[PDB]
Every structure is written in structure tokens, then in C-alpha cells.
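The structure under discussion appears below in the form of C-alpha cells.
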Amino acid sequence: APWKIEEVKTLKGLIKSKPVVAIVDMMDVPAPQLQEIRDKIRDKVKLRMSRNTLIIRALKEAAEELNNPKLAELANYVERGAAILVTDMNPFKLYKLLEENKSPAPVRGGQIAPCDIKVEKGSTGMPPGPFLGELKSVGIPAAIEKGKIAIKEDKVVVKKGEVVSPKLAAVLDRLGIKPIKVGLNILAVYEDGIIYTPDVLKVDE
RNA sequence: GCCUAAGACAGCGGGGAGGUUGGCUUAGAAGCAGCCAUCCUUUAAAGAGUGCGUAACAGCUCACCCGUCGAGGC
Ligand SMILES: [Mg+2]
Ligand SMILES: [Mg+2]
């Protein structure tokens, strides 16, 4: 299909245009927060997104052109949704750059935790009612005090590792707690002769 | 004969945006009483909106795009 070629053409051509080739994940990012992130990184980095299949060869075809073996090897890391990123910036300040400008998002169900998850206590400030019942339902001591539910507790709710009930999840979406950081997260990257898994980036104090 | 392994049909997940509450009208008309208009931008993709819904908003969803799957579709 004619449009598919023209894409791959622009994909590759944008790939060798810069020294640092980055594979990032935008999955579960909201369109406004995206476009905000977008214009802070505008002049630095360039991005396009396509079917990950078009991108599975993509770079591999251009691994042929520049003649490198292991740049193709990064295509062996592709998951979820994917997009390509190109810049003159090596990863390490680039990673900070992505993780700093991220935003808090509410939590959804059937998901592990990035961090440990807790509550802001006492007055939740609405009318009393049904809302207190499911609060109890998972592990939450709560009473009523002037005008609505108080929560006395400070201790763990869910400790990381073990997952969260289809909703154990939100009293928090209802409480307005958005404990987790989302934005562009990195699948993997590297340029010259060496390749890393994203674990390495959190580290180096 | 056309599309389809460069990922079809269907289903499941995620997105479904900003200008903006388009303009006028109207007690009010925010995509969705009715008239006219029916463009730009940020884009992988998103109509000045396909069907519920509100008192009007909010909310649910659908065209469109991405993933998941993996052989048939007009
Ligand atoms: Mg209406
Ligand atoms: Mg547009």
C-alpha cells in the first residue's frame, strides 16, 4: 500500500537525521497533557508515531543502510504502543527530561503499583451516604465526624508487588488522589555499539 | 475483481484533543431544539459531531487512530 511506503521512508529518514535514537511509549497518555509535553520538547527532539509493525522493520532496513548490527537489535524491544524519538541529546539528561515533566494521573484497575499507595485523611467534604460502605470493604477504618467521613489511619493500603482489585482502585478517583506519574516512558534506546534496558536510567544518582 | 500477513472481520484494553461555550438564535441551546457556517491548529488519529442522556452542563458511547489478537472481509 502506497501510503505505507511513504511512511517508512519518512521514518528512516528521520532516524538517521540525529545521533540519538529513542523508542518511547506514549500509551495511556491523554491528548492535552501530550500536547503540553509536546511543545516543551519541540525544538530539542522530534517525534512521529506509526504502526509498530511499520516500525519493526523501519530502523532494521536502515540498520542495513548505515551498516550496524545491533541498532536493529533494539527492535527486539518493542511493546505496547510505540513511537520513535530523535535528538542530539544522549539518554541520561533526556530521561530526566521526560520523567520530570510528567503528570500525576489517577489509578485504574488490574494494575501493579509504581510506588507505594496512600490516602489524605479525615474530612473528604461532601454529603454522607453510601460512599462509606465500600471504604470499609477494603481494609479502611473510617468513621463519620462533622459533616462526613473521616479516615483516621496512617499505615499501608496496598503494598507494592501485589495488585489492586477491579476497584479497590478508586476511592481515590473519587477522593481525587492521582498518586502515579505518567507520561512518555522509555522502552529502550542507544546509539553507538552499546544498548541498554530502561532500568539503568532510574539509577546513576 | 478490490482490500488483507506492511495484520482482515469481530471481540477485549487504551486514546478519542486545543481554539471553543463556532456564529446567531434563546429563559437557557456548551458536539446532539432549530438556522447558517461547516475552517485552522496540535496530530498516529479525532467530525464544529453517529446514538442514548441533562433542566442546561457533567456523564455513556460512536466515526477516526493505536495495541491485543491472527485469516478472512466488501
Ligand atoms: Mg442537548
Ligand atoms: Mg485536524
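As shown in the C-alpha cells, the chain order sets the letters A, B, ...; within each chain, residues go from 1, and ligands are also counted from 1 in the order they appear.
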Next on the checklist: For ligand 2, return the neighbouring residues as number ranges by chain (distance at most 12 Å; only C-alpha atoms (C1' of nucleotides) and all ligand atoms).
Outcome noted: B: 17-19, 39-43, 45-48, 64
Checklist entry - Using only C-alpha atoms (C1' of nucleotides) and all ligand atoms, which protein or nucleic acid residues are at most 12 Å from ligand 1, as an NGL selection string? => result :B and (28-33 or 52-57)
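Here CA of residue 16 (chain A) is placed at a distance of 23.4 Å from CA of residue 96 (chain A).
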Checklist entry - When the cut-off is 10 Å and we count only C-alpha atoms (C1' of nucleotides), which residues of chain A are near chain B, given as a count of residues only? => result 31
Next on the checklist: Need the shell around region 157-173 of chain A: protein/DNA/RNA residues with any atom at most 10 Å away, counting only C-alpha atoms (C1' of nucleotides). Skip same-chain ones fewer than 5 positions apart. Format as a ChimeraX atom specification?
Outcome noted: /A:105-120,131-132,134-135,137-140,178-179
Next on the checklist: For the alpha helix (DSSP H) assignment from backbone DSSP, which residues of region 17-205 of chain A qualify? Please present them as a PyMOL selection string.
Outcome noted: chain A and resi 31-40+52-65+91-100+131-137+172-175+199-202
Checklist entry - With distances taken over only C-alpha atoms (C1' of nucleotides), which of B:20, B:74, B:25, B:13 is nearest to residue 1 (chain B)? => result B:74
Next on the checklist: Let me make sure I understand: among A:148, A:102, A:88, A:143, which one has the smallest atom-to-atom distance to residue 185 (chain A) if we use only C-alpha atoms?
Outcome noted: A:102
